[PDB]
Every structure is written in structure tokens, then in C-alpha cells.
């Protein structure tokens, strides 16, 4: 659903995020042009399951940075609630300190744009989107609520897209087929 279409500009958003330094900032996806973006949703802050998946993406943020890529998480919870969760010990089911921004989507409009809203619950599914350095959507991943995403799979995808992107830096050949270029016997 939504307006997220492969090969098209990823839907832009402007939203209040909790930055890795713990400050609030109003950010837009378009701020990250020039870099690949891994943009992922999760349903809710402060549930009874540990945010293992989020901690894994933040823990391995260096592997994304090595690929010139920015990871950004989002949920429908307020940015105040994101910061509370950051400031909650992991042994109390908290996130702990984050190496990635966490976007707040309290109007559900970003989730709807990305077609990942679970309407009967008012929360996002586990959607993950790979957006290239030109802002173009390259990959859609959406899981039902019980099953997490893999950092290894995500890094595989980012590197494969970038490999092919980089091989598009080409110049005209300066070789022309003709009667002269037929292979000798």
C-alpha cells in the first residue's frame, strides 16, 4: 500500500526524532541525500519484549557507516517516549544508548505513506526500506509482528545495490564494431 514504489523517490517525511546524542531534532529523509538510507519501522516503544532487533541495528551501526549508509528507526510513539526508552536499562526491557535516530510518527502519516500501517491496531508493521543516495526506493521488506529483521541480510542488500550503482559510472567505449572487428579464423 501507500506511496512507497520501487524505482521512485521514497516518500519524504519531516518528523521529530531523538538523535543519538539524546537531543530532539526535526529531520527529513531528504536530509540524507548523498547517502543510502535504511529506514525501518517497529510497532511500539515499551512493550514486554526486549527491542533486540533495534539494539542489533544500533550496535552494528559502524558496518552501515562503512557503506556510507544511515540507519533510521521509527514508530508511532512520541519522541519523548523514545527518549524515555533510550534512558531505560536493558535489564528493564529498555533500549539503552542508541547510535541511530528514532523518528516519531504520532499522526501515523509516515507509516501510511510507506504502506505499513496495521490499521486495526494503529501501529506500524516491521517494515524496512532501502533508499539509495539519490533518494530512490530500492527495496521493500515487511514482516508480520512476531518476526524480526536481519542486520546481515540488510548489509547484503545495501552492498549489492551499491555494487551495481557504482558500475553505472561509465563512459562511451571508444571502440566501434565493423567489418574490421570480426574475429580472425
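Positions refer to the first chain, counted from 1.
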### Query
In the PDB record, does 91-99 or 73-81 carry the higher mean Cα temperature factor?
91-99
## Note on the structure
Quick note on 135-143 and 29-37: per-entry mean CA temperature factor is higher in 29-37
### Query
Going by the entry, which of 116, 55, 130, 67 has the most elevated CA B factor?
67
### Query
Compared with the other modelled residues in the chain, in which third is the CA B-factor of residue 51?
middle
